[PDB]
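Peer 1: Below you will find the structure I want to go over with you.
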Amino acid sequence: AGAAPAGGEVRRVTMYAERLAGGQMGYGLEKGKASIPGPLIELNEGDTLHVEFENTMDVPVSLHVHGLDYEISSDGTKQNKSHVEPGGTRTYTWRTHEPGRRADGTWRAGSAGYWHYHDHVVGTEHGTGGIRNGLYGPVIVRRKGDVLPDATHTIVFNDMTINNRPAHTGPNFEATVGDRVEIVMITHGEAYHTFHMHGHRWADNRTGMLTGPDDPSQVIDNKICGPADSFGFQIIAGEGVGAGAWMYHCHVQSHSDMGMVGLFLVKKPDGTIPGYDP
Amino acid sequence: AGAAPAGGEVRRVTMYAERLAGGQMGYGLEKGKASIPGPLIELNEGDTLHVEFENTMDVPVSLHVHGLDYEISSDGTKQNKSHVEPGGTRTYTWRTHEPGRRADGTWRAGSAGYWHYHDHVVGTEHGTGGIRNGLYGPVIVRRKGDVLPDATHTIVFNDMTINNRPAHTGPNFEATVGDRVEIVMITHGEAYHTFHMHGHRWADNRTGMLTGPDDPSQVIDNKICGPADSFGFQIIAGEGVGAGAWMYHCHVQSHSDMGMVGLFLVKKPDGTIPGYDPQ
Amino acid sequence: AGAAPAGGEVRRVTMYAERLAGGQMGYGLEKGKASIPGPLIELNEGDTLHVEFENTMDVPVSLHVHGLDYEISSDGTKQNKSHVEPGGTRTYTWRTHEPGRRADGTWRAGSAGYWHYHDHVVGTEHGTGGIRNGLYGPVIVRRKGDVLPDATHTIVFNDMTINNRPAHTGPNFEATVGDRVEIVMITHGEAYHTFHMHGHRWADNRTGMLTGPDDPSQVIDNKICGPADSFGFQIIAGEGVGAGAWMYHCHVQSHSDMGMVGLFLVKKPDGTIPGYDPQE
Ligand SMILES: [Cu+2]
Ligand SMILES: [Cu+2]
Ligand SMILES: [Cu+2]
Ligand SMILES: [Cu+2]
Ligand SMILES: [Cu+2]
Ligand SMILES: [Cu+2]
Ligand SMILES: [Cu+2]
Ligand SMILES: [Cu+2]
Ligand SMILES: [Cu+2]
Ligand code: NA
């Protein structure tokens with residue numbers, strides 16, 4: 001699409017933690033509509049977000065965010081009493097800031113990047129059970145002028161599953177040749193993984209796109225990741241390669257053999273996918 | 001050192017998959033010349049490569065490449081019917097492109113980098129058996145103006161082996177002090193590793209060399225890598241450190257202890273290596 | 001903040017390998033004062049360091065450094081006889097260099113970075129026993145103009161411990177809001193880890209700080225690391241987030257559950273830490 005605007009808006013959302021079928025737990029923006037991964041939160045540097053949070057579960061839960069600014073009262077840990085008791089409510093406050101020159105001449109890094117939020121108190125005091133059960137979601141913070149995508153897809157390697165899905169059950173994502181597609185890639189649990197995409201590649205830097213001819217970042221199609229790592233990128237679907245059912249998978253061999261695979265289904269403008277028969 | 005020219009040539013090559021001794025399999029450019037790792041393929045951005053492929057083994061095999069442009073018919077997977085039956089032949093086509101500005105002003109990244117190719121169908125439909133057996137090889141794509149090396153060596157951490165060699169059997173690589181030496185480093189299998197070189201270091205970026213004083217890339221001598229990761233770099237052999245049998249190894253302690261170790265043998269101009277006495 | 005000057009000095013230090021309580025082993029700059037991690041060595045690009053080394057132990061030991069310039073005789077390995085026999089002495093020499101252009105015009109990377117030293121011969125020919133026992137320490141090489149910190153803290157994930165400490169025993173580090181705090185982060189052993197710091201973030205590049213608005217490095221608060229990896233960064237304590245007990249931990253879930261955790265204790269300018277009430 002276009003470009004991200006300058007931030008500075010004070011935003012507000014309601015968030016709920018809720019049980020889902022099969023022992024799962026999820027975040028949602030409306031009661032009864034929790035999802036795994038949780039809802040995508042998008043902010044422009046400078047924006048503030050007040051998360052009006054409610055725990056609808058029978059066990060305590062919390063909300064811990066990576067990368068963004070928050071005071072200790074929004075750490076989301078039992079250790080500083082910022083979790084939410086069953087049936088309880090709490091306002092978590094997330095802030096973001098633009099980069100800038102400090103008075104002493106140093107450069108303050110901004111909040112922009114591919115981040116995520118997750119539980120920190122279900123099962124253990126590091127949220128091992130909550131994360132296992134699905135209490136995680138993506139956060140994107142944009143810098144003014146960042147290129148905006150046609151669509152964004154979140155892929156979470158959570159131990160031996162993608163997005164808590166059963167082995168060999170996706171997710172699949174659909175695009176048309178030429179679409180600007182953004183991927184947010186988060187890892188959770190116990191294991192390291194390597195994320196691989198067939199037919200596409202990106203830059204190993206903040207936006208996943210080279211800034212121009214002077215950017216020396218490695219261009220990659222395979223990336224090692226460990227628990228609580230996050231990164232993201234944009235690709236032009238099918239660019240230089242055409243339509244097709246382009247696989248993505250963890251490249252740890254036993255993981256790909258045991259279901260950590262999905263498809264990036266890139267259609268021609270006429271809606272067909274060459275060589276794909278499901 | 002020389003410099004890579006602009007690409008745009010159409011090239012052909014023949015490649016075979018063959019069984020090797022002891023359950024191994026490898027790729028080669030000629031029959032009976034299969035090797036692990038497979039042959040090094042070097043391209044300049046814009047080059048097209050037609051790989052005339054032949055499966056001489058008794059089980060299906062394929063060729064899947066990282067990084068390069070290919071249509072879905074050269075994916076090299078059973079899922080897309082781009083594998084090769086026993087005794088069969090197939091032409092895989094790889095393309096590359098230069099970076100440049102798109103119609104809308106965004107910057108399209110080029111193909112240049114350190115890449116690799118491997119099997120995708122032996123044992124499992126992700127090539128777990130074929131990769132284990134040795135079916136992997138390096139691909140280098142160069143950008144116009146890239147610095148060219150005096151020699152290139154490929155180091156593959158394939159599970160707990162280097163290049164499928166028996167434990168504690170190298171490989172070793174020879175150079176003379178001052179040689180410009182290129183390393184392609186690929187990882188395969190189940191395990192993470194950390195690649196370490198004694199006496200040398202490189203930049204954690206596309207070429208392994210800093211572009212100049214503005215490049216903030218960390219300079220490293222140790223790098224974590226996982227299955228199907230690839231990177232590469234160039235060093236000046238012995239620069240600031242002199243001749244010697246310079247160790248490289250995985251730094252995961254049990255892996256180095258079990259034999260994931262080799263030597264970068266850097267000779268003085270008279271050909272000697274001080275303090276080198278292999279046992 | 002201060003700024004690093006150009007290097008070029010020749011320095012010498014004594015270092016000792018010593019047994020410590022509980023079967024541990026450490027390096028120290030004075031006899032009887034070994035520590036785990038070993039002493040922080042700081043150099044400016046161009047400096048030379050002569051390490052006058054003594055093995056006080058009953059087993060061979062060595063000193064292997066990452067990143068810095070050294071000849072094969074200071075490799076610290078048995079195979080080229082650069083280890084130190086029990087009771088023995090040896091001078092290890094480390095050199096560093098500035099970046100610049102070679103005679104052919106190519107750019108040579110300098111020595112600056114976050115590095116480390118460790119044993120290479122105790123237990124195995126790769127120092128597996130020595131590293132496990134505590135024979136590791138940090139080295140920082142600074143480039144002219146690098147920002148200098150108010151304090152530097154070294155965090156080593158040595159297998160399932162931080163700095164060889166028992167589980168759930170820190171270390172904790174103290175600062176005041178606004179302090180410029182440098183972290184050196186080293187990993188050793190058999191396992192991968194992911195280092196995470198609550199409330200703070202850094203740039204994934206040489207210094208951990210962006211050079212300016214044109215540096216495209218990812219800004220992160222979580223980093224995967226494996227044996228013998230080293231990186232570092234600086235943060236302004238509490239910047240944009242305030243005082244408090246800010247946790248750092250490995251984010252591998254069973255590792256944090258088993259106590260690879262510590263606290264960055266950031267005090268208010270009046271000396272208090274909000275929300276931090278540790279049990280007696
Ligand atoms: Cu935490
Ligand atoms: Cu995996
Ligand atoms: Cu986290
Ligand atoms: Cu694949
Ligand atoms: Cu290894
Ligand atoms: Cu692959
Ligand atoms: Cu070594
Ligand atoms: Cu850990
Ligand atoms: Cu080491
Ligand atoms: Na980088």
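FYI, nothing fancy with the structure tokens labels: chains A, B, ... in order, residues from 1 per chain, ligands from 1 as they appear.
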Distance limit 8 Å, reference ligand 10, atoms considered: only C-alpha atoms and all ligand atoms. Which residues make the cut? Give them as a list in words.
Peer 2: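 The residues within 8 Å of ligand 10, counting only C-alpha atoms and all ligand atoms, are residues 204, 205, 216, 217 and 218 of chain A; 204, 205, 216, 217 and 218 of chain B; 204, 205, 216, 217 and 218 of chain C.
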Peer 1: Since we have the selection now, will you write its residues out, keeping C-alpha atoms, as a PDB file, in the first residue's frame?
Peer 2:
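part.pdb, written as the output of this step:
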```pdb
ATOM      1  CA  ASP A 204      18.146  -9.850   7.477  1.00  0.00           C
ATOM      2  CA  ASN A 205      17.472  -6.378   8.925  1.00  0.00           C
ATOM      3  CA  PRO A 216      25.065  -4.764   3.328  1.00  0.00           C
ATOM      4  CA  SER A 217      22.573  -7.013   5.175  1.00  0.00           C
ATOM      5  CA  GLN A 218      22.634 -10.655   4.151  1.00  0.00           C
TER       6      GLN A 218
ATOM      7  CA  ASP B 204      28.400 -10.758   9.738  1.00  0.00           C
ATOM      8  CA  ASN B 205      26.920  -9.499   6.460  1.00  0.00           C
ATOM      9  CA  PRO B 216      28.038  -1.477  11.561  1.00  0.00           C
ATOM     10  CA  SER B 217      27.985  -5.277  11.115  1.00  0.00           C
ATOM     11  CA  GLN B 218      29.401  -7.215  14.041  1.00  0.00           C
TER      12      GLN B 218
ATOM     13  CA  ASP C 204      21.912  -6.135  16.720  1.00  0.00           C
ATOM     14  CA  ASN C 205      25.264  -4.790  15.530  1.00  0.00           C
ATOM     15  CA  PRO C 216      19.210  -0.720   9.344  1.00  0.00           C
ATOM     16  CA  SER C 217      20.120  -3.162  12.136  1.00  0.00           C
ATOM     17  CA  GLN C 218      17.187  -4.891  13.793  1.00  0.00           C
TER      18      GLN C 218
END
```
Peer 1: If you take only C-alpha atoms and a cut-off of 9 Å, which residues of chain C touch chain B, and what are their nearest atom pairs and distances in Å to one decimal, in chain and number order, as CSV?
Peer 2:
```
residue,atom,partner,partner_atom,distance
C:65,CA,B:198,CA,8.8
C:66,CA,B:221,CA,6.8
C:67,CA,B:221,CA,6.0
C:68,CA,B:199,CA,7.7
C:69,CA,B:241,CA,5.8
C:70,CA,B:241,CA,5.3
C:71,CA,B:241,CA,4.7
C:72,CA,B:244,CA,5.8
C:73,CA,B:275,CA,8.4
C:75,CA,B:198,CA,7.7
C:79,CA,B:276,CA,7.8
C:80,CA,B:275,CA,5.3
C:81,CA,B:275,CA,7.8
C:95,CA,B:240,CA,8.5
C:96,CA,B:240,CA,8.8
C:97,CA,B:240,CA,8.5
C:99,CA,B:213,CA,7.9
C:100,CA,B:213,CA,8.1
C:101,CA,B:212,CA,8.7
C:104,CA,B:1,CA,8.4
C:106,CA,B:212,CA,8.5
C:107,CA,B:212,CA,5.8
C:108,CA,B:210,CA,7.6
C:109,CA,B:210,CA,6.5
C:110,CA,B:219,CA,8.3
C:111,CA,B:219,CA,7.9
C:112,CA,B:219,CA,7.8
C:113,CA,B:219,CA,6.8
C:114,CA,B:220,CA,8.9
C:115,CA,B:220,CA,8.6
C:124,CA,B:257,CA,6.9
C:125,CA,B:257,CA,7.2
C:126,CA,B:257,CA,6.6
C:127,CA,B:253,CA,8.1
C:128,CA,B:253,CA,5.9
C:188,CA,B:252,CA,7.9
C:189,CA,B:253,CA,5.6
C:190,CA,B:252,CA,5.3
C:191,CA,B:252,CA,7.6
C:192,CA,B:192,CA,8.0
C:204,CA,B:218,CA,8.0
C:205,CA,B:218,CA,5.0
C:206,CA,B:218,CA,3.9
C:207,CA,B:218,CA,7.7
C:210,CA,B:216,CA,8.1
C:211,CA,B:216,CA,7.3
C:215,CA,B:216,CA,7.3
C:217,CA,B:216,CA,8.1
C:224,CA,B:224,CA,8.3
C:225,CA,B:224,CA,6.7
C:226,CA,B:224,CA,5.8
C:227,CA,B:252,CA,5.4
C:228,CA,B:251,CA,6.4
C:229,CA,B:222,CA,5.8
C:230,CA,B:222,CA,8.0
C:231,CA,B:218,CA,8.4
```
Peer 1: Considering only C-alpha atoms, return as a PyMOL selection string whatever protein or nucleic-acid residues lie within 6 Å of range 266-275 of chain C, sequence-local ones (same chain, fewer than 3 positions apart) excluded.
Peer 2: (chain A and resi 80) or (chain C and resi 175-177+243-244)
Peer 1: Please, could you write that set of residues out with N, CA, C and O atoms as a PDB file, in the first residue's frame?
Peer 2:
```pdb
ATOM      1  N   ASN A  80       6.250  -8.650  40.135  1.00  0.00           N
ATOM      2  CA  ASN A  80       5.893  -7.284  40.506  1.00  0.00           C
ATOM      3  C   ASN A  80       4.383  -7.076  40.462  1.00  0.00           C
ATOM      4  O   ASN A  80       3.907  -5.969  40.205  1.00  0.00           O
TER       5      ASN A  80
ATOM      6  N   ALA C 175      21.822  -0.567  39.271  1.00  0.00           N
ATOM      7  CA  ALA C 175      22.035   0.670  38.533  1.00  0.00           C
ATOM      8  C   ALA C 175      21.047   1.705  39.036  1.00  0.00           C
ATOM      9  O   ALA C 175      20.130   1.393  39.794  1.00  0.00           O
ATOM     10  N   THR C 176      21.249   2.943  38.599  1.00  0.00           N
ATOM     11  CA  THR C 176      20.308   4.030  38.819  1.00  0.00           C
ATOM     12  C   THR C 176      19.747   4.451  37.467  1.00  0.00           C
ATOM     13  O   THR C 176      20.439   4.377  36.447  1.00  0.00           O
ATOM     14  N   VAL C 177      18.470   4.844  37.455  1.00  0.00           N
ATOM     15  CA  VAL C 177      17.862   5.375  36.243  1.00  0.00           C
ATOM     16  C   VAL C 177      18.807   6.379  35.606  1.00  0.00           C
ATOM     17  O   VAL C 177      19.331   7.273  36.280  1.00  0.00           O
ATOM     18  N   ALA C 243      12.211   3.089  36.945  1.00  0.00           N
ATOM     19  CA  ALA C 243      12.911   2.227  37.889  1.00  0.00           C
ATOM     20  C   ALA C 243      12.140   0.922  38.105  1.00  0.00           C
ATOM     21  O   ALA C 243      10.967   0.786  37.728  1.00  0.00           O
ATOM     22  N   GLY C 244      12.817  -0.052  38.694  1.00  0.00           N
ATOM     23  CA  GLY C 244      12.200  -1.329  39.012  1.00  0.00           C
ATOM     24  C   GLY C 244      13.208  -2.459  38.932  1.00  0.00           C
ATOM     25  O   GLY C 244      14.344  -2.289  38.491  1.00  0.00           O
TER      26      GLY C 244
END
```
Peer 1: Pick out the residues no farther than 10 Å from ligand 1, counting only C-alpha atoms and all ligand atoms, and list them as a PyMOL selection string.
Peer 2: (chain A and resi 64-66+75-77+118-121+125-127+228) or (chain C and resi 196-199+246-251+253+256+261)
Peer 1: Taking only C-alpha atoms and all ligand atoms and a cut-off of 9 Å, can you tell me which residues surround ligand 4, written as a count of residues only?
Peer 2: 19
Peer 1: When the cut-off is 8 Å and we count only C-alpha atoms, which residues of chain A are near chain B, given as a PDB file with C-alpha atoms, in the first residue's frame?
Peer 2:
```pdb
ATOM      1  CA  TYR A 192      15.272 -23.852  18.188  1.00  0.00           C
ATOM      2  CA  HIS A 193      13.937 -23.863  14.607  1.00  0.00           C
ATOM      3  CA  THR A 194      14.970 -22.681  11.145  1.00  0.00           C
ATOM      4  CA  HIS A 198      10.576 -21.694  -1.041  1.00  0.00           C
ATOM      5  CA  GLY A 199      10.741 -19.282  -3.964  1.00  0.00           C
ATOM      6  CA  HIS A 200      11.236 -16.118  -1.887  1.00  0.00           C
ATOM      7  CA  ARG A 201      13.909 -14.306   0.120  1.00  0.00           C
ATOM      8  CA  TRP A 202      14.321 -11.262   2.343  1.00  0.00           C
ATOM      9  CA  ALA A 203      16.931  -9.014   3.958  1.00  0.00           C
ATOM     10  CA  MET A 209      13.846  -5.065   2.971  1.00  0.00           C
ATOM     11  CA  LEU A 210      17.152  -3.546   1.883  1.00  0.00           C
ATOM     12  CA  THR A 211      17.224   0.221   2.339  1.00  0.00           C
ATOM     13  CA  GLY A 212      18.932   0.679  -1.023  1.00  0.00           C
ATOM     14  CA  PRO A 213      22.201  -0.237  -2.758  1.00  0.00           C
ATOM     15  CA  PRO A 216      25.065  -4.764   3.328  1.00  0.00           C
ATOM     16  CA  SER A 217      22.573  -7.013   5.175  1.00  0.00           C
ATOM     17  CA  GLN A 218      22.634 -10.655   4.151  1.00  0.00           C
ATOM     18  CA  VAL A 219      19.770 -11.696   1.910  1.00  0.00           C
ATOM     19  CA  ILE A 220      18.420 -15.020   3.173  1.00  0.00           C
ATOM     20  CA  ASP A 221      15.652 -17.567   2.777  1.00  0.00           C
ATOM     21  CA  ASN A 222      16.436 -19.527   5.969  1.00  0.00           C
ATOM     22  CA  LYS A 223      16.801 -18.171   9.505  1.00  0.00           C
ATOM     23  CA  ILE A 224      17.555 -19.805  12.857  1.00  0.00           C
ATOM     24  CA  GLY A 240      10.719 -13.578 -10.460  1.00  0.00           C
ATOM     25  CA  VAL A 241       9.312 -17.065  -9.750  1.00  0.00           C
ATOM     26  CA  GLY A 242       5.609 -17.081 -10.692  1.00  0.00           C
ATOM     27  CA  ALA A 243       2.507 -18.636  -9.217  1.00  0.00           C
ATOM     28  CA  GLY A 244       2.533 -21.882  -7.291  1.00  0.00           C
ATOM     29  CA  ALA A 245       2.030 -23.623  -3.985  1.00  0.00           C
ATOM     30  CA  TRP A 246       5.218 -22.332  -2.366  1.00  0.00           C
ATOM     31  CA  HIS A 251      14.065 -26.860   8.034  1.00  0.00           C
ATOM     32  CA  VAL A 252      15.071 -28.957  11.046  1.00  0.00           C
ATOM     33  CA  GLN A 253      14.627 -32.241   9.231  1.00  0.00           C
ATOM     34  CA  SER A 254      12.573 -34.172  11.805  1.00  0.00           C
ATOM     35  CA  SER A 256       9.468 -30.840   8.689  1.00  0.00           C
ATOM     36  CA  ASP A 257       8.911 -34.607   8.564  1.00  0.00           C
ATOM     37  CA  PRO A 274      -0.052 -24.147 -11.555  1.00  0.00           C
ATOM     38  CA  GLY A 275       0.817 -27.636 -10.393  1.00  0.00           C
ATOM     39  CA  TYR A 276      -1.328 -27.566  -7.243  1.00  0.00           C
TER      40      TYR A 276
END
```
Peer 1: Could you pull the residues within 7 Å of range 1-3 of chain A, counting only C-alpha atoms, minus those fewer than 4 positions along the same chain, as a PyMOL selection string?
Peer 2: chain A and resi 145-150
Peer 1: Which residues of chain A are close to chain C, meaning at most 6 Å apart when you count only C-alpha atoms, and how do they look as a VMD selection string?
Peer 2: chain A and resid 69 to 71 80 107 128 189 to 190 205 to 206 226 to 227 229
Peer 1: Could you name the residues that touch residue 59 in chain C at 8 Å or less, counting only C-alpha atoms, but leaving out those on the same chain fewer than 3 positions away, as a list in words?
Peer 2: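 In the requested form, the answer reads residues 85, 86 and 122 of chain C.
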Peer 1: Identify, on the basis of only C-alpha atoms, every residue whose closest approach to range 51-55 of chain A does not exceed 12 Å; exclude the query and any residue fewer than 5 positions from it along the same chain; express the result as a count of residues only.
Peer 2: 46
Peer 1: I'd like to know which of A:44, A:144, A:191, A:50 is closest to ligand 8, using only C-alpha atoms and all ligand atoms.
Peer 2: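 For ligand 8, the nearest of the given residues is A:191.
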